[PDB]
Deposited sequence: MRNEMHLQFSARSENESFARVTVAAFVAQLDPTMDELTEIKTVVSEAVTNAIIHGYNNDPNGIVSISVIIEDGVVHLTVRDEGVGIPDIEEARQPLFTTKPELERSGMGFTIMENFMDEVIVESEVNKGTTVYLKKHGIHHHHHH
């Protein structure tokens, strides 16, 4: 028992909530604490929100894609878009109504965070959480 889920949806802000709910529902099969579930929901929200407002510039035709692989109590969360991309990844991870906390929150709540991006290709954020 290794369970996996993949979700794709329109780049609309109302789907931020939908993504939090869905990933949490799937991670629930592991019986995580409320705090762990809150953390998962939050990092999903950060990544999905980034794809929508930064990747697709709020264009609802863009498609946000998510993958959750659960194997051996380990959660592999991947959020991706085929948006405009990030010129300098390193600079962007550094803390208009922008809080600049997105990546920092992801990095703090998760045990591993890998960001891949290429201008006019898209962005993929791989997050990993250990210990259910």
Point out each run of deposited residues with no C-alpha coordinates, keeping the order of the sequence.
96 to 102, 140 to 145
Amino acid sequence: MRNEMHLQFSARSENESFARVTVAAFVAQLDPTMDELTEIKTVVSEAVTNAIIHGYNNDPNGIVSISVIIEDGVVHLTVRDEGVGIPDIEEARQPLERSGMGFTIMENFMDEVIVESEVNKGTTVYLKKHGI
From here on, numbers count along this sequence of modelled residues.
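The term rigid core refers to the maximal set of C-alpha atoms that superpose within 1.5 Å between the two forms.
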Could you tell me which of the two stretches, 96 to 104 or 34 to 42, has its Cα atoms lying farther from the shown structure in 4 other deposited structures of this protein after fitting on the rigid core?
96 to 104
Would you tell me which stretch averages the higher CA B-factor in the PDB entry, 61 to 69 or 27 to 35?
27 to 35
So, looking at the entry's B-factor column for Cα atoms, which has the higher mean, 8 to 16 or 111 to 119?
111 to 119
For the listed residues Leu96, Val43, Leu77, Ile53, which one has the largest C-alpha B-factor as given in the deposited model?
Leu96
Is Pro87 in the lowest, middle or highest third of its chain when residues are ranked by C-alpha B-factor?
highest
